[PDB]
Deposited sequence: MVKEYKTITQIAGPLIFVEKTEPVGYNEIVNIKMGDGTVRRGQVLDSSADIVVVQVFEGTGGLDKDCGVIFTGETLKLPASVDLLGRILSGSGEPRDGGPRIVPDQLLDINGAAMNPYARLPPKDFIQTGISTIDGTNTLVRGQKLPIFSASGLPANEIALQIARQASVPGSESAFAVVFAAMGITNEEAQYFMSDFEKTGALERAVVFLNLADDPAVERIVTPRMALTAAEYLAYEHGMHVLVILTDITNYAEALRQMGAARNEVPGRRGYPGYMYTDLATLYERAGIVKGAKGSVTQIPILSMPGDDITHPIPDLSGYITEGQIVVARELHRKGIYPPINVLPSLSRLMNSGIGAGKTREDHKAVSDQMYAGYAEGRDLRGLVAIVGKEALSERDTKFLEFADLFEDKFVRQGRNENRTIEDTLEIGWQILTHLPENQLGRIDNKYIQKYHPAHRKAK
């Protein structure tokens, strides 16, 4: 009665709303209606149970991920076909992609540390295994540089489980695709990744399948192979631009009669797919890139805010215009699950205190940039001038890091302590005295 969308291998032309029978990955059958198609893929909306044309009807099989540990090291299209000049994947298992396969997720909360090597993530809004932590951006800002840098650098310090990356790019140019391929190959980051690249001019249905192939590969490696898998998806806004024109959505208006029910829940079929996996040896973590579209009036898309429930990393033009990379502004950024990923045994015991203190000092110094403008630099107190200066040091030393610079959390906390020495010790009101004596550079060892 208009349920789930599934994705089917196309073997003949089909018409809109054509009734079809589909053999699922688990061997059962479904009846449904065609919504749209590319050369090789059909999007079908399933009926529950029996019926919801009826004699001489198309029978098809679902589109599958060829799942194997040998996905690692390969660069594929959005449909899973090679782009790297290698042979097609030889599967251990053929899995449906819409999220129904495996039932992999545990009812356990996300928890341990993922070291991205980027101080403004690991330091102040830590990524934890099983989390969904979007990077929020806008045209012109280097969100894909950050995504690619995390793909090269990320690890799970101390874990007994192997680590893998799934990197899925949607709607990208040829030059972007060549650049991402080059990057993965030259750095050796490819050996632990599966890369799915969908181009702007590839079929829109292929773009819609892209994150499902990627999430299914991640779930397979996490659950069947006990891995912590980090899924980078770029750009969910480009996905949404294909979705709003696919199938039953075409020239229909959100909020109006004729807009199809599945458009309100499609994005949740992506964001639901993250978490610790059963057995607790592996996990699926997502870092989706959400770029602010500049065209809400002309191209209404489903609301992206459903993707934002466990925090956000905010890319700020102010910092970009100052010449700083990564231009992440930690103050509007948040990781709701950070405390589950930090402290003794995970990062270091002083982690929360240092993050809290850097955060508070930076927010105060940024407000003092306003006060300086209101009263003049020479009217600021000594103490306030220290905080004003601290916000510069924060931006120039802690936020700023090289594209190729992979900071351990120790590196990150040490830079944090060094800049914190600019503040008067009696002004560190978020840091327990135990930690000042043990870790502050004036008391250390």
| property | result |
| --- | --- |
| Sequence ranges without modelled C-alpha atoms (deposited numbering) | 1-10, 63-65, 459-460 |
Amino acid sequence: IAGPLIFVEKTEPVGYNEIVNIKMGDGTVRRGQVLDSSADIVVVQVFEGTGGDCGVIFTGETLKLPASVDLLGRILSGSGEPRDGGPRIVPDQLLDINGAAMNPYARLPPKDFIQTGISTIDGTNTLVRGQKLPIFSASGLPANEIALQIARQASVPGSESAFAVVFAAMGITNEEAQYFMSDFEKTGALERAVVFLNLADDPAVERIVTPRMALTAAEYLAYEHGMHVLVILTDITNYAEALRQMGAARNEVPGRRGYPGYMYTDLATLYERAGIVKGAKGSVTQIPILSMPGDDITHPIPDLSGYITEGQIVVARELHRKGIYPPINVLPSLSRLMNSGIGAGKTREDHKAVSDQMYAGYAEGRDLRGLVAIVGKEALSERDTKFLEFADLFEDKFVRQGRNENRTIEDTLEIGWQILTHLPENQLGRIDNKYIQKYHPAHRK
From here on, numbers count along this sequence of modelled residues.
{"query": "Mean C-alpha B-factor comparison - 83-91 and 335-343, higher one", "finding": "83-91"}
{"query": "137-145 set against 269-277, stretch whose average Cα temperature factor tops the other in the entry", "finding": "137-145"}
{"query": "From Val69, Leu420, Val34, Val399, residue of greatest CA B-factor", "finding": "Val69"}
{"query": "Peak C-alpha temperature factor (PDB record), options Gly78, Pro260, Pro326, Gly123", "finding": "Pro260"}
{"query": "Third assignment of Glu318 from its chain's C-alpha B-factors", "finding": "lowest"}
{"query": "Within-chain third of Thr59 by Cα B-factor, per the entry", "finding": "highest"}
{"query": "Third assignment of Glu191 from its chain's C-alpha B-factors", "finding": "highest"}
{"query": "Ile41 CA temperature factor, ranked by third within the chain", "finding": "middle"}
{"query": "Assigned third (lowest, middle, highest) for the C-alpha B factor of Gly15", "finding": "lowest"}
